[PDB]
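> test case, fold it:
(chains A, B, C, D, E, F, G, H, I and J, ligands or ions: 40)
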Amino acid sequence: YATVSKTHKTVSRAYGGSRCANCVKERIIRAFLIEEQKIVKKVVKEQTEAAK
Amino acid sequence: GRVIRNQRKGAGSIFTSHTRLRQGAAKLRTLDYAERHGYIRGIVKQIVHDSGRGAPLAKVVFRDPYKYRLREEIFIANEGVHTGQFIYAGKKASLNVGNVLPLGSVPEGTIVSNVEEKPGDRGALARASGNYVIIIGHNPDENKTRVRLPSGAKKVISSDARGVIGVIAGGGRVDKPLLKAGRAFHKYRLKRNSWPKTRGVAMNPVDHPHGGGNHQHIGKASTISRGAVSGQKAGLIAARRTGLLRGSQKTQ
Amino acid sequence: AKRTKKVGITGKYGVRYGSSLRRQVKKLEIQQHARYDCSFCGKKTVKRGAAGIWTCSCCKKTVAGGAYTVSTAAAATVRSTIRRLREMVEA
Amino acid sequence: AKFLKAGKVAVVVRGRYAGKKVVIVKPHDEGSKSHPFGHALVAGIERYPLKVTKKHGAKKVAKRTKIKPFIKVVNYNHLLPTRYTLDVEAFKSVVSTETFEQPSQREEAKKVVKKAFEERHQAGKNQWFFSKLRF
Amino acid sequence: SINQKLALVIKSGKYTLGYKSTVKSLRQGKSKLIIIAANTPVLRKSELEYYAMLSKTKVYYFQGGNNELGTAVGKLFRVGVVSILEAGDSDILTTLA
Amino acid sequence: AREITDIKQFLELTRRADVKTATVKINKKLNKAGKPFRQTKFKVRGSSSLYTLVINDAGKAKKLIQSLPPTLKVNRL
RNA sequence: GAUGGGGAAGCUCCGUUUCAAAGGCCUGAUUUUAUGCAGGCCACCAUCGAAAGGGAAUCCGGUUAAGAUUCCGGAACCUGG
RNA sequence: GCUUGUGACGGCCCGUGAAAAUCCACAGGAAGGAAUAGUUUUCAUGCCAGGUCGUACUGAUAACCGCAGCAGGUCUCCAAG
RNA sequence: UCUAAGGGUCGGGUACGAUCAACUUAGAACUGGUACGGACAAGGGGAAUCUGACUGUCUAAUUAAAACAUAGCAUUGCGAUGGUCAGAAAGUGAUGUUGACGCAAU
RNA sequence: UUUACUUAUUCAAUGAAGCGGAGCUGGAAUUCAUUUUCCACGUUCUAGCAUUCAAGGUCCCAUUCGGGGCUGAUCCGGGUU
Ligand SMILES: [Mg+2]
Ligand SMILES: [Mg+2]
Ligand SMILES: [Mg+2]
Ligand SMILES: [Mg+2]
Ligand SMILES: [Mg+2]
Ligand SMILES: [Mg+2]
Ligand SMILES: [Mg+2]
Ligand SMILES: [Mg+2]
Ligand SMILES: [Mg+2]
Ligand SMILES: [Mg+2]
Ligand SMILES: [Mg+2]
Ligand SMILES: [Mg+2]
Ligand SMILES: [Mg+2]
Ligand SMILES: [Mg+2]
Ligand SMILES: [Mg+2]
Ligand SMILES: [Mg+2]
Ligand SMILES: [Mg+2]
Ligand SMILES: [Mg+2]
Ligand SMILES: [Mg+2]
Ligand SMILES: [Mg+2]
Ligand SMILES: [Mg+2]
Ligand SMILES: [Mg+2]
Ligand SMILES: [Mg+2]
Ligand SMILES: [Mg+2]
Ligand SMILES: [Mg+2]
Ligand SMILES: [Mg+2]
Ligand SMILES: [Mg+2]
Ligand SMILES: [Mg+2]
Ligand SMILES: [Mg+2]
Ligand SMILES: [Mg+2]
Ligand SMILES: [Mg+2]
Ligand SMILES: [Mg+2]
Ligand SMILES: [Mg+2]
Ligand SMILES: [Mg+2]
Ligand SMILES: [Mg+2]
Ligand SMILES: [Mg+2]
Ligand SMILES: [Mg+2]
Ligand SMILES: [Mg+2]
Ligand SMILES: [Mg+2]
Ligand SMILES: [Zn+2]
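Numbering: from 1, shown residues only, chains lettered A, B, ... in the order given. Ligands and ions are numbered 1, 2, ... in the order given. Sharing the structure here:
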């Protein structure tokens, strides 16, 4: 592999020659939702604290 | 006469453990600040056969609280735990199959495995496939917890000693007849050099207490004293009774 | 055509080891080679791969289980015991 | 609603620009002799503004905050519609069907879209949009 | 029961089955209610939820696996999610759900 | 080890500082199905590759040979 | 199988990361100058042990009394700079 | 067809069938960079160098071990009708 | 010396044609000093008694067996500050990368 | 003799990381003058991401790029547990 040009060792996506693409779809979706649900989680317990 | 078989085992030349394919020692996490004030999460990444062992191991990985990296751990997998499952370890963890909690935080009746004999020893009790220990009471003053081991014995240990919820996987392995010599062969081939087994009653006197005679036979009581001496202890050592056990065993 | 009257898979041992040992082995062989329901994806695609390891053809989850069967009586009563005991603590 | 419309922000989910965030500027809800699929015309951010701090002075901030944009025709089934939304009027005309076809038309477009996004970013309107999604 | 309401929907309304189409339905503001199998993985569940809320669509969590969801829609394969496009003669829409 | 086909590219090779020697080989060969025809291979030896250019047209062949650098050390046959 | 160590009258035996203050890389700081200090890491703590295990890279034709994937002819490839 | 290679599968296990050097990749974004001109040696082409020891032959009813040119013993590859 | 059965490839608007290439199996004639798996190659069979279940193992160079092993059955010790064993000693060692569905001993 | 103590001796652990004592806030709690106390005192739908003395705030160097203190992260005792 050292004897061979960089384009033989990647595909041009995030996580190119490392994870498998359907795998990166999953990573992205899950990241987005979980980062969203975080705002959802916070605002509930900000509400619990003031309604108690 | 000569040194008998059970004395030669101790120098373990050809008697050491066959260890090459082993996954590594199975252990709980080191008892740190996380596990002992809160809980810490890992993921079971892999559950995997360990040569010579019955129960599968579970490879579980956690973030390092003090450095940016992943630290992997080798558990014994409890029946039910699975890849992708989140595993929670700590005082303030919750009672789920797979989690690891100190026996003080689990109600009487809880079923657990791989429990520590002292806090932090990273696990000693009930590891073999199918085994487990039951919590049967607590004494909150001098925090102890009374448990019952696979063997029947009850024992009290520190309420800080840890355990992992559920039973060890691979149960019933021993319900199945080996059938042939060869399956025992491959059985002990991955353990240690203890198989097959010549009866001492088939050897000569140089070889063994039981050796010799013009008929095969032991020729004296085969129940040997505790305070007997190396070279003497073959047979039923320190046997407090003997003969076919009649009627219900069951520790009362 | 029914090929054996009663030895089933155990036919492979011919006449050796005694009928009753073959009976005992037969039961756990049937248990251990069988295809099981995946709890996660709901296809019947869980086959065994060495005592206590149970894993799904598609979907690819592996579940620690009994030596010859995915779920043990003991394992399962324990699962509900834990359940019962857990539910005491948030109740 | 028909929520894929004129200002929806979305995360690209496949192919090079995967994981980057876009605005839809013109939706083609169904059809095209070429692209035979529901698809949106998006302007997104390819090389995000790197973070900036009090230590960062002078023209290091200037460098740190450059933005490399991209424009894309992309199949609906490759976007995650987002609850957020960003105003698209300042480059409505710029991202066009005619914009694609002829490279030179594309480069011109991004020039505009880039100037747009760097305006937006400074005095941080749409704060979320200019911070990288991590996965 | 919920199944009997479902079973009415199936024999008098319009519906689509399976992940991809109920996202097409969700995008197109067409779905009037989606029903999600107890065992579909949380990520998909999470995503259909995000798609639903973006479209002001109500979600129902079917007490049971995708195997049984499919029997409930009178079908011999298994379905992980259902999309009601039209309550037919049933009232699933304006009952507890 | 390497073949060549652009008759412009080739001429550049022949003038590339490291290119001391070259050879020209002639091969009888047969056309389509029937008759024969004179094939010619221009081989330029560079420092790490032998570049060879095949000209099937005996006409481009003659003209090419005149175009050969008048300092290059051609090996005819 | 050395080493801080612990036994042993001692030849030596134990231990191998062990109950040790265990070591070196990347560049910057030099423009008295050749390399002192300034960061930040990395704590992995010998070494021997396979001509069948792992492993950077060569081929054809010719050639000798006796050498050849090693010489000669041609044509390659790898590693370092 | 025969020998060998290889693939997609399938049977088996209370057996589930090494390790390390080494090579690459990705996440990261410290940094260093242009218009009067910068960046680039994972693209091409070009220059230099690659030490030390083994290398003959036998490998067996005579080159090895059996007192020997011993009907014994001694690991393997190629394989025509 | 004949007969029959068993295949490939092609163009067919939105029933078949054309050709090329393989030993298998069965049936039928004829024929000979009744021979023909013609050399080579290649299980003797049966009924019972004793005995070890089986496959496996040993006395190299007088014993291969009914001896040893074996699965199976049963008993014993032990929860680690432990059981069994090693060492002249030790901050020593085997089981142990182990934990009673385990290790050790009959 | 019993049962207390820990510094001798003894056993485990860990790249000796969060021990002990007080304090801030939340509050259960019931006030017999006002607090007499006891608990808490950042993480659990998801097989993502978590690192550059930390962004923020604030004070300095003499405003250059760079860089430093404090705070963010309460105080005290150096008994690693
Ligand atoms: Mg590629
Ligand atoms: Mg060992
Ligand atoms: Mg043996
Ligand atoms: Mg025996
Ligand atoms: Mg025995
Ligand atoms: Mg004897
Ligand atoms: Mg004796
Ligand atoms: Mg005696
Ligand atoms: Mg005797
Ligand atoms: Mg006897
Ligand atoms: Mg990048
Ligand atoms: Mg030594
Ligand atoms: Mg070596
Ligand atoms: Mg080698
Ligand atoms: Mg080799
Ligand atoms: Mg030759
Ligand atoms: Mg010579
Ligand atoms: Mg020779
Ligand atoms: Mg040469
Ligand atoms: Mg040359
Ligand atoms: Mg080079
Ligand atoms: Mg072979
Ligand atoms: Mg396998
Ligand atoms: Mg690679
Ligand atoms: Mg700096
Ligand atoms: Mg290069
Ligand atoms: Mg050198
Ligand atoms: Mg030779
Ligand atoms: Mg000879
Ligand atoms: Mg001889
Ligand atoms: Mg025919
Ligand atoms: Mg026998
Ligand atoms: Mg036999
Ligand atoms: Mg003999
Ligand atoms: Mg025999
Ligand atoms: Mg004999
Ligand atoms: Mg019996
Ligand atoms: Mg000592
Ligand atoms: Mg510590
Ligand atoms: Zn599955």
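> which residue packs closest to the residue of chain F found nearest RNA strand G, ignoring adjacent ones?
RNA strand G sits closest to residue F:1 of chain F, with a gap of 3.2 Å, by Cβ to the nearest atom of the strand. C-betas here are computed from N, CA, C, even on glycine. Of all residues not flanking residue F:1 in the chain, residue F:49 sits nearest, at 5.4 Å (Cβ to Cβ, 6 or more residues apart in numbering or on different chains).
> anything in the helix or strand hosting residue A:36 near chain B?
Element membership for residue A:36, per DSSP states H and E: helix A:22-50. No - Helix A:22-50 is not in contact with chain B by Cβ under 8 Å from any Cβ of the partner chain; minimum separation 12.0 Å.
> which stretches of chain C form strands?
C:36-37, C:44-48, C:53-56, C:62-64 (DSSP state E).
> quick one: strands adjacent to the first one?
Right, strand C:36-37. According to DSSP bridges, strand C:36-37 forms sheet pairs with strand C:44-48 (antiparallel).
> quick one: contacts of the partner strand?
C:32-38, C:54-59, C:63, C:68, C:70 (Cβ atoms under 8 Å, 6 or more residues apart in numbering or on different chains).
> run the last query once more with 7 Å
C:32, C:35, C:36, C:37, C:38, C:54, C:55, C:56, C:57, C:58, C:70 (Cβ atoms under 7 Å, 6 or more residues apart in numbering or on different chains).
> one more: stretch B:77-87?
Contacts of stretch B:77-87 (Cβ under 7 Å, 6+ apart): B:41-47, B:55-58, B:60, B:97-99, B:113, B:164, B:166-169, B:171, C:61-66, C:72, C:75, C:79.
> one more pass at 6 Å, please.
B:41-42, B:44, B:47, B:56, B:58, B:60, B:97-98, B:113, B:166-169, C:61-65, C:72, C:75 (Cβ atoms under 6 Å, 6 or more residues apart in numbering or on different chains).
> cool, stretch D:6-18 as well?
Counting by Cβ under 6 Å, 6+ apart, A:12-14, A:25, A:28, A:32, D:20-24, D:70, D:78-82, D:84-86, D:88 sit against stretch D:6-18.
> what about the helices in chain D?
D:60-64, D:103-121 (DSSP state H).
> of those helices, flag the one that's most buried.
helix D:103-121 (a mean of 16; mean count of other Cβ atoms under 10 Å in any protein chain shown).
> which ChimeraX command selects the buried ones in the contacts of strand C:44-48?
Filtering the contacts of strand C:44-48 down to the buried ones (16 or more other Cβ atoms under 10 Å in any protein chain shown) takes a single ChimeraX command:
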select /C:32,36,38,54,55,56,70
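> how about the contacts of strand C:44-48, which pair is most distant?
C:32 and C:58 (21.0 Å; Cβ to Cβ).
> which residue does chain C have closest to chain D?
residue C:60 (20.8 Å; Cβ to the nearest Cβ).
> show me the contacts for residue C:66.
Residue C:66 neighbours (Cβ under 6 Å, 6+ apart): B:171, B:172, C:72.
> how far away is it from residue C:36?
Residue C:66 sits at a distance of 11 Å from residue C:36 (criterion: Cβ to Cβ, to the nearest Å).
> which residues do these two both contact?
Joint contacts of residue C:66 and residue C:36 (Cβ under 6 Å, 6+ apart) do not exist.
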